[PDB]
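Below, each chain spelled out in residue letters.
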Amino acid sequence: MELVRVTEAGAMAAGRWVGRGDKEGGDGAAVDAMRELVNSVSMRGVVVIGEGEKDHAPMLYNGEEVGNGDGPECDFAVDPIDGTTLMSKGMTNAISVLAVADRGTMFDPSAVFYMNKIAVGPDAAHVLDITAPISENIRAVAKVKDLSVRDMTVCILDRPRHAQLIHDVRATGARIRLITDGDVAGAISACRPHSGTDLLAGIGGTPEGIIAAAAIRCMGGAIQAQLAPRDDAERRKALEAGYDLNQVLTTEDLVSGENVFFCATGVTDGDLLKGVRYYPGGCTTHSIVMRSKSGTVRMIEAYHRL
Ligand SMILES: O=P(O)(O)OC[C@H]1O[C@](O)(COP(=O)(O)O)[C@@H](O)[C@@H]1O
Ligand SMILES: [Mg+2]
């Protein structure tokens with residue numbers, strides 16, 4: 001069960017590219033570290049969600065059989081650096097995340113879409129309805145959490161596509177914690193108690209949403225998702241090919257295993273994880289590790305030497 005090391009390795013390599021302005025270098029260092037370390041853990045695993053396909057993205061592709069070959073079969077999802085932008089620009093909130101579940105329990109690869117997603121902590125889990133307007137979701141979650149609607153804090157990615165959403169949430173008088181990248185940590189923060197974030201809502205990336213669903217399954221809470229295309233061209237494509245885009249995906253629908261493992265390691269100083277500190281002896285790396293069987297969330301600061 002050497003899994004944590006992976007993300008830690010991912011951060012460590014990636015940590016040496018912070019502020020440097022090169023994004024591909026950080027992604028590549030993190031991917032190389034995580035690959036070289038995961039192919040050594042006694043674990044046969046298929047990457048259902050990763051960097052990409054077997055063409056331009058050479059490393060950490062979908063369908064890659066990772067591990068030394070031993071152990072039980074399992075679905076594997078990895079974001080080497082969530083918010084690579086923030087890594088290269090030397091800004092806060094950047095992590096290396098990894099989710100592991102039973103074989104076949106993670107959400108469909110299928111075709112490459114974005115994902116509209118809305119998540120809340122265990123408090124108001126059963127009252128989410130992603131098809132309802134954000135007004136009703138905010139009001140329901142507010143009453144359930146015993147909050148006034150003015151003190152609700154919705155986390156939304158600061159994009160042009162979400163502008164309307166912004167306005168709507170601002171109509172209910174609710175606060176919006178606009179972030180720039182990384183809705184995995186944002187969803188985990190929404191499902192974190194006393195974290196300031198009560199709810200996440202927005203159209204982010206499907207891999208991030210599936211890994212966040214694994215995390216939410218581990219720690220408790222609920223995320224609902226609808227697939228979404230980037231342009232009208234892909235909406236049309238989904239129409240000829242029979243994609244029920246109106247379909248709602250739950251937390252279990254994305255990751256439906258029984259043992260669910262989610263570990264992140266901070267690259268830069270994030271809200272839920274401190275970045276990698278380098279000193280001549282080695283480096284300190286902070287990580288979070290969550291298991292579904294036990295519900296024990298473990299926050300681990302690790303000291304490394306050479
Ligand atoms: O940045 P986009 O393309 O608008 O989509 C946002 C997605 O990018 C991410 O920030 C991923 O980080 P990177 O793109 O920097 O690798 C996700 O968290 C988020 O879902
Ligand atoms: Mg990324």
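Definitions and cut-offs
- Residues numbered from 1 in each chain as written, not as in the entry; some residues may be left out.
- Chains lettered and ligands numbered in written order.
- Heavy atoms only, no water.
- Buried < 20%, exposed > 50% of the residue type's maximum accessible area, 1.4 Å probe, protein only.
- Helix = DSSP H or I, 4+ residues; strand = E, 2+ residues; numbered from the N terminus.
- Pairing = 2+ DSSP bridges.
- Axes fitted to C-alpha atoms, helices over the stretch in contact; angles between N-to-C directions.
- Core = buried A, V, L, I, M, F, W, Y, C linked by side-chain atoms within 4.5 Å.
- Domains from an automatic or database assignment.
- Contact = heavy atoms within 4.5 Å.
- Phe/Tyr/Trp six-rings, centres within 6.5 Å; stacked < 30°, edge-to-face > 60°.
- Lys NZ or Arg CZ within 6 Å of the ring centre and 35° of its normal.
- Buried area = accessible area lost by both parts, 1.4 Å probe.
- Salt bridge = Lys/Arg side-chain N within 4 Å of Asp/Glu carboxyl O.
- Nonpolar A, V, L, I, M, F, W, Y, C, P; charged D, E, K, R; others polar.

- Method of determination, as given in the entry header: X-ray crystallography; reported resolution: 3.71 Å.

**Structural notes on the pairing of strand β12 (residues 282–291)**
- Counting buried residues in β12 gives nine out of ten residues, a clear majority hidden from the surface.
- In terms of strand pairing, strand β10 (residues 261–268) meets β12 through five bridges, oriented antiparallel. Within β12, the residue paired with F262 across the bridge is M290.
- As defined by bridge partners, β12 adjoins strand β13 (residues 297–304) across eight bridges and the pair is classed as antiparallel. Residue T284 lies in a different strand from β13, and its bridge partner there is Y303.
- Hairpin connection between β12 and β13: a loop of five residues separates the two successive antiparallel strands, and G295 in this loop has a positive phi of roughly 70°.

**Section: the sheet that holds strand β7 (residues 175–179)**
- The mixed open sheet is built from five strands, whose spatial order is β7-β6-β8-β5-β9. At either end of the open sheet lies a strand with only one pairing partner, and these are β7 and β9 (222–228). Taking the axes of each pair of neighbouring strands and ignoring which way they run, one obtains an average angle of 15° across the sheet.
- The sheet contact formed by strand β5 (residues 114–120) and strand β8 (residues 199–205) spans seven bridges and is antiparallel.

**Focus on the nonpolar core**
- Formed by 42 residues in total, the largest nonpolar core has its most connected members in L254, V255 and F262.
- A domain split of this core shows at least three residues from each of domain 1 (1–103 + 259–306) and domain 2 (104–258).
- For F262, the contacting residues outside a window of four places in its chain are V97, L98, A99, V184, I188, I211, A214, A215, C218, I288, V289 and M290.

**Thoughts on the packing of aromatic side chains**
- A full pass over the atoms with the stated rule returns one aromatic pair.
- Sitting over the face of the ring of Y114, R161 holds its NZ or CZ atom 4.9 Å from the ring centroid.
- The ring of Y243 has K237 sitting right over it, with the charged end atom 5.1 Å from the ring centre.

**Details of the domain arrangement of the protein chain**
- Here the protein chain is described as being made up of domain 1 (1–103 + 259–306) and domain 2 (104–258).
- Averaged C-alpha coordinates put domain 1 and domain 2 at centres separated by 23 Å.
- Between domain 1 and domain 2, the residue contacts involve 30 residues of the former and 25 residues of the latter.
- A buried area of about 2200 Å², summed over both sides, lies between domain 1 and domain 2, and 70% of it is on carbon and sulfur atoms.
- Applying the counting rule to domain 1 against domain 2 returns zero salt bridges.
- Put simply, the parts of the chain that give the side of domain 1 that touches domain 2 at least two residues each are β1 (45–49), β3 (74–82), α3 (84–88), β4 (94–102), β10 and β12.
- Grouping the constituent residues of the side of domain 1 that touches domain 2 by class yields 17 nonpolar, five polar and eight charged.

**A few points about the pattern of salt bridges**
- This model, assessed by the stated rule, comprises eight salt bridges.
- The closest approach of N and O atoms between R103 and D75, which form a salt bridge, is 3.2 Å. One end of the pair, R103, is in the loop between β4 and β5; the other, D75, is in strand β3, with 28 residues separating them in the sequence.
- A relative accessible area of 41% places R103 in the partly exposed class.
- In this structure, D123 and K145 form a salt bridge, with 2.3 Å as the shortest nitrogen-oxygen distance. Remark: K145 occurs in the loop between α4 (134–144) and β6 (153–157) and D123 occurs in the loop between β5 and α4; sequence separation between them is 22 residues.
- Overlapping salt bridges, with partners in common, bring together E73, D75 and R103 in one network.

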